[PDB]
Amino acid sequence: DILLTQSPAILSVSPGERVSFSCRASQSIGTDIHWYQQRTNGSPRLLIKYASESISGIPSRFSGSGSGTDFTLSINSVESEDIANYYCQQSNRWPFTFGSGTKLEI
Amino acid sequence: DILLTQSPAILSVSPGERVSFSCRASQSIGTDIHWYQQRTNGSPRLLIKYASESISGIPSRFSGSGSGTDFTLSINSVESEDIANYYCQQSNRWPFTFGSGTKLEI
Amino acid sequence: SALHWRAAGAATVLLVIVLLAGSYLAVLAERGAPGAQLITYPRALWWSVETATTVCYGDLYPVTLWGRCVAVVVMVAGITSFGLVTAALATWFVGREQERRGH
Amino acid sequence: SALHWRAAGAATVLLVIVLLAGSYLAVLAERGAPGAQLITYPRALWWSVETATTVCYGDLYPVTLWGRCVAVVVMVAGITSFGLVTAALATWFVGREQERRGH
Amino acid sequence: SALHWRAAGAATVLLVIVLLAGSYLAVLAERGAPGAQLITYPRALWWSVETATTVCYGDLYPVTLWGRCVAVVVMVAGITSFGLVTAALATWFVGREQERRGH
Amino acid sequence: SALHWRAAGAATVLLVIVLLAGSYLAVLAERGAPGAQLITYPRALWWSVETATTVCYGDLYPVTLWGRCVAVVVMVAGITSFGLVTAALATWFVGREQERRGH
Ligand SMILES: CCCCCCCCCCCCCC(=O)O[C@@H](CO)COC(=O)CCCCCCCC
Ligand SMILES: CCCCCCCCCCCCCC(=O)O[C@@H](CO)COC(=O)CCCCCCCC
Ligand SMILES: CCCCCCCCCCCCCC(=O)O[C@@H](CO)COC(=O)CCCCCCCC
Ligand SMILES: CCCCCCCCCCCCCC(=O)O[C@@H](CO)COC(=O)CCCCCCCC
Ligand SMILES: CCCCCCCCCO
Ligand SMILES: CCCCCCCCCO
Ligand SMILES: CCCCCCCCCO
Ligand SMILES: CCCCCCCCCO
Ligand SMILES: [K+]
Ligand SMILES: [K+]
Ligand SMILES: [K+]
Ligand SMILES: [K+]
């Protein structure tokens, strides 16, 4: 079963900065990585599918990149509403698994 | 995306010596490595294609070798005009990527 | 009206149906199984095409008993449908050559 | 009574026999060999099916001389049996078309 | 003049065209895609040959929707062209045997 | 005397020759090349068999231009030889069925 490592577990940035979350898979999984955002008391929300593809209604400052084992979710110019926990999820092999999450602090 | 590690970042040799630059790929890429030389204020210049194949007009003291993840650019009897930055570049997988470069000092 | 052409057309539509059903059933069969990769429908249709043509890259394949049985159905349907097309081409050529020599 | 259909049926039963014997003999041939993966009978039957159809995923294959010779027998039996089915389909189509045009 | 031979020749030239166009279009389709390996034209022509013959080593394959659709066109063109050659060989043999027995 | 059977036999002997020559020439072509695996004659004959049958496991394959051109010759010879056997089987069935119905 594929371990997804999200490190560091907390990222601290200043408003307007570009930030990058890391997700490393324990084996090669092509681009079958998906990213979710979960705010305090909220349900998870899909941000990026298949490592880099946009979702309708997600602000354009969100992007994703990587393939194989190394994946990055990036935010251009962080702002306050981006304060949340961020999870990656793989669908390359059964069962689907989740990363342990990165908290964004401003 | 394939990381190409060029270490050491600076190589110091005496004239007439044989020198070897290292390029290590983060995954196996056959012989799809190409080497470029960039002198101060100059544009990059292809030296070696597909890990070992000669380019017309390049002095014969330049050679290349390796396959898989480990690649070497060699110069027989270094001379002054060889003072430059040297980059490797992979074309095995999209996107093409560059190594970070090795400077040659005499 | 000619039998060979209608059988070719039938085999084509049957093959499309088998590719779609094989995609659905391969996902159904493989999601139980740790390590299985044949578990989302878009790539399962791709896998079913490569299985039906025998153009098999090795990027995907079933690991369960029932996924492999689905695979066998797709293989035989593909090989049989293309063999049927070959046989119809031969029947057409044989008829046209009987005409060209006036028989 | 028609030769092509009886030969097709014979080839089918012969192919089933070859798949079973090839599974048994591939395991027999490969267990001597360090690194060999074609060494338990359920997956060896799966391997024999993919070899007989030429739908070859790359998940299993023989590494010994005798396992590869077994493989060659399974390949030729598979290709020949499916080619025979094609040939019988063509004979059926050719006969039916001779009838449809009244010859 | 014989239909089967002219169709075989046509299929050969069409297949060459499909291999070249498939090489070009596979590169065009795959360079958008992180991890894709089917992205330079010399090896893409090699890939198109292995796809057209179903002799598919697993060294290269498309990962995008449009590269896979290109792949399907190359598969069907290859299988159809070789099946057409088979059908023409059968028509030639059938005619020669009708002659050898004086019909 | 029948053309189809003699052509089948010819194709068989030609295929054996092509497998042996392809083994020799594939080794000759690939030993120049760093990373190449198709470089000793016993496994090169195995590779040539899998290429000729299109039963292609992915354990070996050429990486050079000339090894790939050798590969293409082996592919076409294999596919053509087996297609020729199919065509001869069809000619035999067609003749026997013409007899069984008294024509
Ligand atoms: C009832 C169960 C469903 C059974 C059939 C499912 C069909 C799935 C739709 C296929 C298109 C997916 C849309 C998409 O953007 O797919 C891309 C994902 O981003 C990649 O597509 C793919 O990579 C695979 C598509 C290969 C198609 C082969 C052509 C067959 C003649
Ligand atoms: C005399 C030597 C024996 C030769 C034949 C051996 C036959 C073995 C029985 C096959 C079923 C195994 C039962 C089982 O639960 O298998 C699963 C194991 O948990 C996985 O099955 C498998 O993964 C492989 C089965 C693939 C079958 C292909 C269909 C062929 C038309
Ligand atoms: C319009 C888009 C172009 C579409 C077709 C492109 C054709 C590319 C030229 C092919 C030769 C490359 C020259 C060279 O030195 O190639 C070597 C690279 O060093 C390795 O060759 C190769 O490894 C692949 C060649 C395989 C050829 C298969 C034979 C097909 C009947
Ligand atoms: C002129 C150049 C030579 C061209 C042909 C070379 C033929 C080589 C002899 C093959 C037997 C090797 C003896 C041996 O013990 O091989 C084993 C090595 O320990 C493994 O065998 C092997 O693994 C490969 C043999 C596969 C044979 C496929 C059958 C083809 C109908
Ligand atoms: C024709 C093959 C039947 C498909 C079986 C579905 C898989 C059930 C797994 O429990
Ligand atoms: C027809 C192939 C014969 C099978 C040989 C069995 C393997 C014996 C290995 O010592
Ligand atoms: C016949 C297949 C059409 C090829 C499509 C080219 C790829 C476009 C990707 O945006
Ligand atoms: C028919 C293919 C010719 C084989 C060429 C031999 C390889 C020479 C490599 O320099
Ligand atoms: K095949
Ligand atoms: K294959
Ligand atoms: K493989
Ligand atoms: K075939």
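One-based numbering, in listed order, for ligands and for the atoms of each. Here is how names work: the chains are called A, B, and so on, in the same order as the sequence lines, proteins then strands, and each is numbered from 1. For the numbers below, each heavy atom of this structure counts, side chains included, while hydrogens, waters and symmetry mates do not.
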Return a yes/no value for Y24(F): is any of its N or O atoms, backbone included, closer than 3.5 angstrom to an N or O of ligand 4? no

Within the structure, does at least one protein heavy atom fall under 4.0 Å of atom 1 (C) of ligand 7? no

Less than 4.0 Å between atom 22 (C) of ligand 4 and some protein heavy atom, yes or no? yes

Measure the spacing between SG of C69(E) and CG of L65(E) and express it to the nearest 0.5 Å. 5.0 Å

Which atoms from ligand 7 have a heavy atom of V70(E) less than 4.0 Å away? 2 (C), 4 (C)

Closest non-hydrogen protein atom to atom 15 (O) of ligand 4, residue and atom name please, with distance? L65(D) CD2, 4.2 Å

Please indicate whether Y24(D) has more than 12 foreign heavy atoms, meaning atoms of other residues, nucleotides or ligands, lying under 6.0 Å from its OH. no

Could you report the tightest heavy-atom contact between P34(E) and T31(A), atom names first, then the distance? O-CG2, 3.7 Å

Atoms of ligand 4 under 4.0 Å from any heavy atom of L45(F), numbered from 1 in the order shown, are 7 (C)

Give the numbers and elements of all ligand 4 atoms closer than 4.0 Å to a heavy atom of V49(F). 30 (C)

Looking at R68(D), which atoms of ligand 4 are within less than 4.0 Å of one of its heavy atoms? 22 (C), 23 (O), 24 (C)

Using 30° and 60° as the class boundaries, would you call the ring planes of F93(E) and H4(F) parallel, tilted or perpendicular? tilted

Smallest heavy-atom separation, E30(F) atom then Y61(F) atom, equals OE1-O, 4.3 Å

Where is the nearest protein heavy atom to atom 6 (C) of ligand 4: which residue, which atom, and how far? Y41(F) CB, 3.9 Å

